[PDB]
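Examining the three-dimensional arrangement
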Amino acid sequence: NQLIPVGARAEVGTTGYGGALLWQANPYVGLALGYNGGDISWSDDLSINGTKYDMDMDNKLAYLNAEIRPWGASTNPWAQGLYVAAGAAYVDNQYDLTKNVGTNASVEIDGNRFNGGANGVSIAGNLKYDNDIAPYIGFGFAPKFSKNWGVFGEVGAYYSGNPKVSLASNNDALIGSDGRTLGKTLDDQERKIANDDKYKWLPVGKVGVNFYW
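Residues numbered from 1 in each chain as written, not as in the entry; some residues may be left out. Heavy atoms only, no water.

Notably, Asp45 is not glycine yet its phi reads approximately 65 degrees, a positive angle. Within the secondary structure, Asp45 is located in strand β3 (residues 29-48). A positive phi angle, close to 60 degrees, is found at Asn104, a residue other than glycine. (Helix = DSSP H or I, 4+ residues; strand = E, 2+ residues; numbered from the N terminus.)

Okay, structure coming up:
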């Protein structure tokens, strides 16, 4: 049961693009070593209920995980394709978010609801995740239909630790529904991001194509 190199994959997803080297020891156990990253504008000018989203990333992530197929010997491809992924990553990722809340549009942050009013308001966030050795857990589907290639999709999360975080608006004096100003509410949401257990996780989704040769 030694791990045999079998090829590579190309992938794209929420942490950016890249790919991995692949090994398989048997129908149940395999290994991926890869990189995701890039300077990418994940969305620009994207309008939803009066509000434009912009997100930019600048990521360097390199990972190593095992892929385990509980039913990897199954002749059902719906079961043979399922796997759990587990390992760790070097993580050095940076996200810029911008919400431009338009005229008379409404946004909710930490339970407090604000209105854009006559001019709207813009809210910005910088999130920086740095961890040399971040544990990773994920679930994927990669059914076998070819000796030469296949496709896959995966969702998981890195236990990165809380990011460094900065939140800001170009109008902090707006009062929300619970009475806190926008400045104060952002401060509060900044503290939750910087400390709550929930935000120690960096979620991820991706898809791609495998090549075996």
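We now examine the pattern of salt bridges. On inspection of all chains with the given rule, the structure shows 15 salt bridges. In this structure, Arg113 and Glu108 form a salt bridge, with 3.0 Å as the shortest nitrogen-oxygen distance. The partner of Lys192 in a salt bridge is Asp110, with the nearest N and O atoms 2.8 Å apart. Highlighted residues: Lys192 in helix α2 (residues 182-195) and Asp110 in the loop between β6 (106-109) and β7 (112-115), separated in sequence by 82 residues. Bridged by salt links that share partners, the residues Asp110, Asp178, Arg180, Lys184, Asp187, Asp188, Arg191 and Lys192 form one connected network. (Salt bridge = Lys/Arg side-chain N within 4 Å of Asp/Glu carboxyl O.)

Under the criterion given, the structure shown has five aromatic pairs. Seen from their ring centres, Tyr136 and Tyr158 are 4.4 Å apart, and the 40 degrees between their planes marks the pair as tilted. Taken as a pair, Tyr136 in strand β8 (residues 121-141) and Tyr158 in strand β9 (residues 149-159) lie far apart in primary sequence, 22 residues in all. You can call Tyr136 buried: its relative accessible area is 5%. Centre to centre, the rings of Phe145 and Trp149 are 4.9 Å apart; their planes meet at 75 degrees, and the pair counts as edge-to-face. Overall, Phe145 belongs to the partly exposed group, its relative accessible area being 44%. Positioned above the aromatic ring of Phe152 is the side chain of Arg9, whose terminal nitrogen or guanidinium carbon lies 4.4 Å from the ring centre. (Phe/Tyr/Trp six-rings, centres within 6.5 Å; stacked < 30°, edge-to-face > 60°. Buried < 20%, exposed > 50% of the residue type's maximum accessible area, 1.4 Å probe, protein only. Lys NZ or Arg CZ within 6 Å of the ring centre and 35° of its normal.)

Now for a negative patch on the surface. Together, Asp39, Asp44, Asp45, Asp54, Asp56 and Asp96 make up a region of like negative charge exposed at the surface. Those elements that provide at least two residues to the negative patch are β3 and β4 (51-68). Among the elements that take part in the negative patch, β3 stands out by supplying three residues, more than any other. (Patch = residues over 30% accessible without salt bridge, like charges linked within 9 Å, V, L, I, M, F, W, Y side chains within 5 Å. Areas by Shrake-Rupley, 256 points an atom, 1.4 Å probe, with all protein chains shown as cover. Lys, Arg positive; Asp, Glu negative; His and termini not counted. Charge placed at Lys NZ, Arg CZ, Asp CG, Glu CD.)

Next up on the list: α2. Taking 1.5 Å per residue as the helical rise, α2 with its 14 residues ought to reach 20 Å, and the 20 Å between its terminal C-alpha atoms agrees with that figure. Taken together, the buried residues of α2 touch β6, β7, β8 and β10 (164-169). The N-cap of α2, judged by a side-chain oxygen 3.1 Å from the amide nitrogen of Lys184 a few residues on, is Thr181. (Expected span 1.5 Å × (residues − 1). Contact = heavy atoms within 4.5 Å. Polar contact = N/O pair within 3.5 Å; in protein donor to acceptor, adjacent residues only side chain to side chain.)

The biggest cluster of nonpolar side chains holds 22 residues, and the ones touching the most others in it are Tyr63, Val91 and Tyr158. Looking at which element gives the most residues to this core, the answer is strand β5 (residues 82-101), with five residues. Apart from the residues within four sequence positions on either side, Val91 is in contact with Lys60, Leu61, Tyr129, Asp130, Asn131, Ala134 and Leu202. Counting residues in hydrophobic clusters, the runner-up holds nine residues, among them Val101, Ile109, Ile123 and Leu186. (Core = buried A, V, L, I, M, F, W, Y, C linked by side-chain atoms within 4.5 Å.)

With that settled, the discussion passes to the layout of surface pockets. What the largest pocket holds in volume is close to 650 Å³. If you trace the largest pocket, you find 26 residues lining it, with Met55, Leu97, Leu127, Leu167 and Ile193 closest to the centre. Those elements that provide at least two residues to the lining of the largest pocket are β3, β4, β5, β6, β8, α2 and β11 (201-212). At five residues, the largest contribution of residues to the lining of the largest pocket is made by β8. Taken together, the residues of the lining of the largest pocket sort by class into 18 nonpolar, five polar and three charged. If you go around the second largest pocket, you meet 23 residues; those closest to its centre are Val6, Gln24, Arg69, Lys144 and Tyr212. At the level of elements, β1 (4-13), β2 (16-26), β3, β9 and β11 are the ones that each hand at least two residues to the lining of the second largest pocket. With four residues, the single largest contributor to the lining of the second largest pocket is β2. Taken together, the residues that form the lining of the second largest pocket break down as 11 nonpolar, seven polar and five charged. (1 Å grid on protein atoms, 1.4 Å probe; cavity = no way out; pocket = protein on both sides within 12 Å on 5 of 7 lines; lining within 4 Å. Points joined across faces, edges and corners; volume = space filled by probe spheres on them. Nonpolar A, V, L, I, M, F, W, Y, C, P; charged D, E, K, R; others polar.)

Function cannot be read off these values alone, since they describe shape.
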